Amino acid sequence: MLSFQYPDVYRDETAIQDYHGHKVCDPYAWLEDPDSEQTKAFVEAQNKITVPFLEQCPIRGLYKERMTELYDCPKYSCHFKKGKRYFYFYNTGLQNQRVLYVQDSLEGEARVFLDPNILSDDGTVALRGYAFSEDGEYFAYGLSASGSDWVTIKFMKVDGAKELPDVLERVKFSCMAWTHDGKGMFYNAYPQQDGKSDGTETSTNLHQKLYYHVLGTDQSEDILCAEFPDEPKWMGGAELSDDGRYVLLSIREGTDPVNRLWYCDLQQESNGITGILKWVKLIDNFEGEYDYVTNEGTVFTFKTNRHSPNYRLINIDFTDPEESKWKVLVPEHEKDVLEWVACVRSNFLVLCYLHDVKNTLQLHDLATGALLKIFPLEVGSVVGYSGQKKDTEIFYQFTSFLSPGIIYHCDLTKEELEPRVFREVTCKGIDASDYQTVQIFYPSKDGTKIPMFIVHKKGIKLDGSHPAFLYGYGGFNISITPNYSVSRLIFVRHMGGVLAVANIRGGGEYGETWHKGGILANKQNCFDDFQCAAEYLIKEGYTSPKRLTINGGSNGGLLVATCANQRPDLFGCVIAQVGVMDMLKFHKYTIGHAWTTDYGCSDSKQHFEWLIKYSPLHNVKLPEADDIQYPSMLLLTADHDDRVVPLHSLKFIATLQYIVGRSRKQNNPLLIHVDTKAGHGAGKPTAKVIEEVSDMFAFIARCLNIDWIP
């Protein structure tokens, strides 16, 4: 099987660091410099062995072609209305980037408004964030190059789609909000830094500031409105109130669902926006999340987790703000998580709930919180929604494992609110008739029942003979809900596979207590939950260790790398995308300092003791048992991933190849592919997406020796 040899990779045996009396060697520390010839030569040598391995077998071509055929189907996003026009995103199917269209009415001719495809030859310039002026006549949009988190904000006049001279640089993790006078727009930017700012650098991002740009001026004239010079990690996101009277500032430090909430009454600014605003520090701590829904005068409605881990809606009156005075508008449910809330047609609230990892959508009265209407939905997820305060209608989009998607529309001016199918695209995709989705709850190591979705062909024999693809994430309060994936359905249909998604702790599926159950000292719970999911699939006869693949991206890449270290006997195949591998150093690079609320930080002796036990980079160990080797492993990363710097996967693969790959009993491949002109994932062109997943399933196919099923 293995007719290549791993590259010789220099070990710096002097690279030794003391962590609270514990010595740690880091012989591949030099891979932390993305600009060096050594690092670039390392990447080239790795790609040189991985690429022929993935492309040798005809099944890659078979998968790629089938995927291309199936993607070649027109896809619409949700409509939304802005000012007097309707907008939606559209892709004929294989366009590298989806295109923004505009029409004057719902039944009128649409035309191209913004087409990012014309901004590059290869589709690697992507739309990242946008904001219309309050009247919908002006348009700000972020552009990212090569998948980087770095953004350039450009501007258009909507009528005639006219490009304006205004350009904003050094924008990253920025909210964009226009004042209702139409004068200019708030946004975030970072101060000048040494070296590159194009996504290839590892430089930490600190001292994010809030600025206001007056339309028609140079960025150098922009007003500084808030900064936190004594708190370099703080990030302030601005948002105008629905009536245009208040700027709200949500200050975050880390990724926990908590924020400070300050406000500026813009009518109280002597001479407009001319400097640091008169911030009133309504919530001046990080004990809870306060997510603005709407206001009526000084009565502000927020979604909160303050003493309510499943979330609820409260009203805070700015003229009587003490916590004892807050009114609970919509109380917390015992089990169901309030995911999000929008205000539409003045006095309606749209609440989206998560009930056992499935969405329900409800309409409530703003004045009382009373339930008015349940929007009927099949089992799955709501993944698009539009409808703001002055709108008299909503669109929302439904998706699931076996359903390609339906966009609904509801006219909220009608006495009886019957929603209707607005759009469904009917292509001859995979026939889902012979497949089903089941939800089971399996016991973890500590007895906790964990949800898992299983997608498979009806009436399969549970004899352990099927290839299985087990997906997890497990962190940052993210819920992994049903989602249509062409790539996974090809695995099911043409590779005879079983798909599984485990809703392990760390996620938000059962609210903040689910999240806390999988972070910090309890991070091991995530790994136990996921290994227990694998054991469930095997024990129930869905699959066998040698037929089982696990996959995760980002925090999920960490998940699968750890499970490979901890239970190599349990998996045949492991695909870790853009994973955090160095748990001792992650905080030093770009935005990694923000994840310490989930992971902890190695500067603390306590935290170090948790991290060292699971840090994938520090736990690569040849299995003791003579009959156990590491599973086949593929790491996927990219050279402009400045979310999770590629040095994570670089050092980890060098480590796998030295510690395990050198052993004569290791015959399973341990490989990395580093893509170019790509980043963490968002805005990746369709062409690169197809390349990547074709690589993944080709890797699976040949390591399991699977026949394509026509």
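Start at 1 with the first residue shown and count on from there.
For the pair 191-199 and 440-448, the mean Cα B-factor is higher in 191-199. Taking only CA atoms, the mean B-factor in the PDB entry is higher for 427-435 than for the other of 427-435 and 539-547. Comparing C-alpha B-factors across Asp639, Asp317, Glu109, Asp149 in the deposited entry, the largest value falls on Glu109. The residue among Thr298, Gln208, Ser381, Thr179 whose C-alpha atom has the highest B-factor in the PDB entry is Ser381.
When the modelled residues of the chain are ordered by C-alpha B-factor, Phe89 sits in the middle third. When the CA B factors of the chain's modelled residues are split into thirds, the value for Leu584 lands in the lowest one.
Per the deposited record, the Cα B-factor of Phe139 falls in the lowest third when ranked against the other modelled residues of its chain. In the PDB entry, a CA B factor belonging to the lowest third of its chain's modelled residues is recorded for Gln46.
Per-chain ranking of the deposited C-alpha B factor places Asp529 in the lowest third.
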